[PDB]
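Trainee: Here's my sequence, what's the structure:
(chains A, B, C and D)
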Protein chains: 4
Amino acid sequence: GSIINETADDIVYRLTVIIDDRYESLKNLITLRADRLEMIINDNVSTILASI
Amino acid sequence: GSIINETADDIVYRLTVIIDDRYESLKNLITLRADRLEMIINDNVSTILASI
Amino acid sequence: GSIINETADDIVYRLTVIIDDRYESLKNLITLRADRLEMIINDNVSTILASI
Amino acid sequence: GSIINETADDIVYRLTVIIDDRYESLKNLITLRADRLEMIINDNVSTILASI
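Mentor: Numbers count the residues shown, from 1 in each chain, chains lettered A, B, ... in the order given. Let me share the structure:
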C-alpha cells in the first residue's frame, strides 16, 4: 500500500479533478464563443448577399 | 491530520491557487477577444451595407 | 534516487502528463475553430466579390 | 529533517513552471489567432469596398 504512495496518488487525483474542471470550462467557453462568431458571420453575409 | 496529510493539502491548495489564476486570465482573454471580434465584424458589415 | 525524490518526480511526472494532455486538446480546439473561421470568411468574401 | 517541506516546495515550484508555460502558450495562441482574424477581416472589407 505505502503511506507515501497513497499520499502521492491523492495529490495527483485531487489536482487532476481541478485541472479537468478548468479544462472543461475553457473548452465549453471556446466552443460557445466560436459558435457565436460563426452564427454572426453567417447572418451578416446572408444579409449582405440579400442586399445585393 | 498528519504532517504528510497537511503537506499534501498544502501542495494541492497552492497549485489550485495558481491554476485558478491562469484559468481566470484565459477566460477573461477569450471573452474580451471574442467580444472585440463581434464588434469589428458588425462594424465592418455596417460599412459594407452602407456602400450598397 | 531517494524514496522521497522518486515520489516527488512521480507526482510531477503524472501531473505534467495531465496538464500536457489538456493543453494539447485546448490548443487543437483553438486551432480548429480559428482555422474554420478563416475558411468560412475566405469563402464568403469570394462569394460577395462574385455578386458585385 | 526539513526534507518534506523542501520537497513539497520543489513540487509546487516545478509544476508552477509547467502550468505557466502552457498558460503562456495558450495566451499567445489565442492572441495570435484573434489578431489574424481581425487583419483578414480588415483586408477583406477594403477589397470589397474597392469593388463597390
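Trainee: Off-centre distance for the helix or strand where residue A:21 lies?
Mentor: Residue A:21 is located in helix A:3-51, with elements delineated by DSSP states H and E. Put simply, helix A:3-51 sits 1 Å off its chain's centre (Cα atoms, centre = their mean, to the nearest Å).
Trainee: Spell out whether it and chain B are in contact.
Mentor: Yes - against chain B, helix A:3-51 shows contacts by Cβ under 8 Å from any Cβ of the partner chain at A:3-4, A:7, A:10-11, A:14-15, A:18-19, A:22, A:25-26, A:29-30, A:33, A:36-37, A:40-41, A:44, A:47-48, A:51. Yep, even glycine has a C-beta here, placed from its N, CA and C like the rest.
Trainee: From the residues you listed, list the buried ones, please.
Mentor: A:7, A:10-11, A:14-15, A:18-19, A:22, A:26, A:30, A:33, A:37, A:41, A:44, A:48 (16 or more other Cβ atoms under 10 Å in any protein chain shown).
Trainee: How about the contacts made by the closest residue to residue A:22 other than its chain neighbours?
Mentor: Leaving aside its chain neighbours, residue A:22 sits nearest to residue B:23 (4.3 Å; criterion: Cβ to Cβ, 6 or more residues apart in numbering or on different chains). By Cβ atoms under 8 Å, 6 or more residues apart in numbering or on different chains, the contact list for residue B:23 reads A:22, A:25-26.
Trainee: which two in the buried ones among the residues of helix A:3-51 next to chain B are spaced the farthest apart?
Mentor: A:7 and A:48 (61.6 Å; Cβ to Cβ).
Trainee: Contact partners for the residue nearest the centre of chain A?
Mentor: Central residue of chain A (Cα atoms, centre = their mean): residue A:27, 0.9 Å from the mean position. For residue A:27, the contact set (Cβ under 8 Å, 6+ apart) comprises C:25-26, C:29.
Trainee: Relative to chain B, how far out is it?
Mentor: Distance, residue A:27 to chain B, using Cβ to the nearest Cβ, to the nearest Å: 11 Å.
Trainee: one step back: what subset of the contacts of residue A:27 is also close to chain D?
Mentor: Okay, of the contacts of residue A:27 touching chain D (Cβ under 8 Å from any Cβ), that's residue C:26.
Trainee: could I get the contacts of residue A:27 as TSV with distance to chain A?
Mentor: As requested, the contacts of residue A:27 are arranged in TSV below (distance: Cβ to the nearest Cβ, whole Å):
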residue	distance to chain A
C:25	7
C:26	6
C:29	6
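Trainee: out of the contacts of residue B:23, who's nearest chain B?
Mentor: residue A:22 (4.3 Å; Cβ to the nearest Cβ).
Trainee: Please give me every residue in contact with that closest one.
Mentor: Here residue A:22 is in contact with B:19-20, B:23 (Cβ under 8 Å, 6+ apart).
Trainee: Thought residue B:45 was touching residue A:44, still the case?
Mentor: Yes - under the criterion of Cβ atoms under 8 Å, residue A:44 is in contact with residue B:45, at a separation of 4.3 Å.
Trainee: Pull the contacting residues for residue A:9.
Mentor: Neighbouring residues of residue A:9 by Cβ under 8 Å, 6+ apart: there are none.
Trainee: In space, what's closest to the closest residue to chain C within chain A - neighbours in sequence excluded?
Mentor: Nearest residue of chain A to chain C, counting by Cβ to the nearest Cβ: residue A:34, 3.7 Å away. Excluding the flanking residues, the one nearest residue A:34 by Cβ to Cβ, 6+ apart is residue C:33, at 3.7 Å.
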